[PDB]
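Single-structure report; data block below.
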Amino acid sequence: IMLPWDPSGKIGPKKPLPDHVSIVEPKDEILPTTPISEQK
Amino acid sequence: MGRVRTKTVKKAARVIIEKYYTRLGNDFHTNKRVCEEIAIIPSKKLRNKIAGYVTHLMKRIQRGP
Amino acid sequence: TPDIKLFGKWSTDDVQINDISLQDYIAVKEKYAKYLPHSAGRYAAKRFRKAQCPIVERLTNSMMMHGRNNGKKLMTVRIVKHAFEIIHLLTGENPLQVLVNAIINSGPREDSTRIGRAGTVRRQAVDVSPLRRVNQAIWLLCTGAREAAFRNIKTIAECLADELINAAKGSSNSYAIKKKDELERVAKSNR
Amino acid sequence: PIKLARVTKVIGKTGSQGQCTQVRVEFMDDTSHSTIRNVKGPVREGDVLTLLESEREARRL
Amino acid sequence: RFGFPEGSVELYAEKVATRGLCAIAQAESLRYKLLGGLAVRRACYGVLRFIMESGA
RNA sequence: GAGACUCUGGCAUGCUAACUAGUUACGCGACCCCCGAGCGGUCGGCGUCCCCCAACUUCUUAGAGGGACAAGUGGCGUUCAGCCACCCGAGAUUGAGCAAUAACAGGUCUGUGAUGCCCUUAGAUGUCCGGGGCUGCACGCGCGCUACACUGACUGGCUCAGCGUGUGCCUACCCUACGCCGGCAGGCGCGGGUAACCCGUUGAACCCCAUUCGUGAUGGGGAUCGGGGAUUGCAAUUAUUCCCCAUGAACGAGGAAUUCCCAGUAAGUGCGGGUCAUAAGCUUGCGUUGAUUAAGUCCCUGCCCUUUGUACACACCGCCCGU
């Protein structure tokens, strides 16, 4: 039997396979900026 | 005595550019770091080989699609 | 010493390696000389790196042979150091010139390949490169003195010097020459 | 009629086993004249030979 | 057997979860089925179907 | 599946910290006492003196992170994939470990309380005891040890490692300092070690420096055979191992043929572990001295891919024609 627990869970078996890769999606690399002085 | 890159290396290099073309530039040791920061690879050496193909690839993107 | 490099006694200068072809492969007359035989010896990794090895060190390497004596550089240095000294007496001249003269006139100029015409043995004369001339020279000289001194009261030092002097000049009674002329004979036959 | 010659470029190996090699040469005394010959041993571009048969004009073996 | 002194030991039976990722539990289940005449075909597919339902 | 992955090797004066791996500078806190010099300072030292309030960098101590990716450069290229020579530096890398689908009437019922079926079972193929043999010799085959000498053998003096193991085992047992006696077989006394704290700085050989020998089957070589000593055990004959005197054979680099191998590799040299009451010419690891030749090809032997041809399919160790 071949287990799925590829990232962790309740228990993590020696995290992931040497060749499986996961990218994170930005959602934020747009930033249409202008010289606004938004003090905060 | 030969050095060819595999599908895992190439495909991820493609995806990384197609997301984060602004983070990256023409320097290897910065391109090295950002890939570590965004992505979670299991191995230091796999980290290296991906970036080396990324940087080779940027110089092509400068001119010619 | 910051201007001259001896072997303790005699000098790498005052000698003229006298050819063009056998240039570029012999490290004796170069100002990049050494006081002694073997250094570490990285000179085996690449293809043409062995050309940049001092000629005496090359010679020293070849002597220890036939299994009874492997890994005995220091023994061979004793032979070499005694050997160049005995040269000095018999002619009062730098043995280095006597050495290059042999290496020069001991490399065969012509040879036959074993082109057996796909299983029907008949050869064909060809030409020889510089580096192989240098190698077969040393191999022939080293397997001179050896077989001469095997069951005899002479020692390697005398027998080495004897064949060495007779090969520098054309003596026609040394192992090196008797074989060199033979190979040229055979090539001219099936030329 | 002993002669000399420098090498210009290496063409390819040859022989039943890949021991001889084809080369092209000029005679170091006239530059226009030229031949191609078979040699034995490690030979690189930039070398000098002692030719005896000054002319053979060899071909594919 | 192992010569421990009296009271030096204590036992705890404990329920397990995940009947379908462990293998020994499946093998010992598969034993008695084959002993009782059943078809090698129906059984092997059945345990195989169950393990895949589990999460493997 | 290959790759990726794990282990090991190679680099860091950067981090971490140290008598149970353990020093090295200072004080010499002592060296002993002159321990030498010398009329003195100065040099010298490996262990011997400690609690452990005089540093850890450089061995082995061992954890973390770092570092190398064809990244920079010149050429070559469908200017893609990528290839060759170079700049700094370790530039594909010692290396191994793991290993797919389908299979072979491959081997193992003498590894198993893994097991079918047959055989036997009190005058036993069970299970104990005594002895013997598995080693017997007109011949043939293979894996290896020693040597055929002077680049050497003998006799004295100098100088350097590393992987390891070690006392009470499931049914029976350690590595050894120091002394006293004799060459060893040794043998008596006391000590240490459940271990880099004791053996132990594992004072190893080959090497190296000097005497004897001088081409003489010779002091090369050490089979064979006699005699005497001791040690293990209940027991040494068919000599089980070891020591001493004598004995002193074949062998002058080996025909046809054939094996292994290109970087700390071949080869030489000897230390440990396994077997072990008694023990290595074997195997498995370890270091130590350290070459020649290539950087290519399909000619001999074999492997992979495509195209082709076939009267073969237990598959050319095939099928098959006549007298």
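Residue numbers (the entry's author numbering), protein chains in the order written: chain A, 188 to 227; chain X, 1 to 65; chain W, 14 to 204; chain P, 8 to 68; chain S, 76 to 131.
Beta carbons: idealized from backbone N, C-alpha and C, even for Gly.
query	result
Does DSSP put residue 11 of chain P in a helix, a strand or coil?	strand
Write down every uninterrupted run of the alpha helix (DSSP H) in the region 130-201 of chain W whose length is 4 residues or greater and which is fully enclosed by it, in chain order.	143-161, 169-181
Assign residue 201 of chain A to one of three DSSP states: helix, strand, or coil.	coil
Tell me, please, whether the region 149-159 of chain W touches the region 129-140 of chain W by the rule of three or more beta-carbon pairs shorter than 8 Å.	no
Any C-beta of chain P within less than 8 Å: which residues of the region 108-125 of chain W qualify?	122, 123, 124
Rounding to the nearest angstrom, what Cα-Cα distance links residue 223 of chain A and residue 34 of chain X in this structure?	28 Å
For a contact meaning CB atoms closer than 7 Å, what does residue 139 of chain W contact in chain P?	27, 45, 46, 47
On the DSSP letters alone, give me the boundaries of the alpha helix (DSSP H) that residue 87 of chain W sits inside.	86-104
Which two residues bound the contiguous alpha helix (DSSP H) that contains residue 101 of chain S?	99-110
Does the structure place the region 92-99 of chain W close enough to the region 168-182 of chain W that three or more beta carbon pairs sit under 8 Å?	yes
My understanding is that residue 31 of chain X touches residue 51 of chain X, with C-beta atoms under 8 Å, so please give their C-beta distance in whole angstroms.	5 Å
Tell me which same chain residues have a C-beta within less than 8 Å of the C-beta of residue 186 of chain W, skipping the five on either side of it?	179
Whole angstroms are fine: how far does the CA of residue 120 of chain S sit from the CA of residue 218 of chain A?	55 Å
Which term fits residue 202 of chain W, buried or exposed, when burial requires 16 or more other beta carbons within 10 angstroms of its beta carbon?	exposed
Closest by CA to residue 127 of chain W, which one among P:53, P:51, P:47, P:55?	P:47
Which residues of chain X have a Cβ atom closer than 8 Å to the Cβ of residue 209 of chain A, listed in chain order?	39, 40
Hey, is residue 190 of chain W's beta-carbon within less than 9 Å of any beta-carbon in chain P?	no
Would you list the one or two residues that DSSP bridges to residue 19 of chain P?	P:29
One question on the structure: do residue 103 of chain W and residue 41 of chain W come within less than 9 Å of each other, judged by their Cβ atoms?	no
Looking at chain A, is there any beta carbon in it that lies within less than 9 Å of the beta carbon of residue 119 of chain S?	no
At what residues does the beta strand (DSSP E) containing residue 45 of chain P begin and finish?	41-47
Just the Cα atoms here: how many angstroms apart are residue 5 of chain X and residue 214 of chain A?	30 Å
Please report the straight-line C-alpha distance between residue 27 of chain P and residue 21 of chain P, rounded to a whole angstrom.	5 Å
Which residues in chain A have a C-beta closer than 9 Å to the C-beta of residue 131 of chain S? List them in chain order.	188, 189, 190, 191
With 8 Å as the limit, tell me which residues of the region 49-76 of chain W have their beta carbon closer than that to any beta carbon of chain P; keep them in chain order.	60, 61
With a cut-off of 8 Å, do at least 3 Cβ pairs link the region 68-80 of chain W to the region 97-104 of chain S?	no
What residues from the region 144-177 of chain W come within 7 Å of chain P, judged by C-beta to C-beta, listed N to C?	144, 145
From X:27, X:23, X:10, X:1, pick the residue whose C-alpha is nearest to that of residue 59 of chain X; which is it?	X:27
Can you tell me which of the three DSSP states residue 89 of chain S falls into?	coil
May I have the straight-line CA-CA distance separating residue 61 of chain X from residue 60 of chain W, to the nearest angstrom?	39 Å
Alpha carbon to alpha carbon, how far is residue 49 of chain X from residue 7 of chain X? Give it in angstroms, no decimals.	12 Å
Determine the closest residue to residue 53 of chain W out of W:24, W:66, W:17, with distance taken between C-alpha atoms.	W:66
With a CB to CB cut of under 8 Å and the five nearest residues on each side skipped, what residues in its chain are close to residue 43 of chain P?	18, 29, 30, 31, 32, 64, 65
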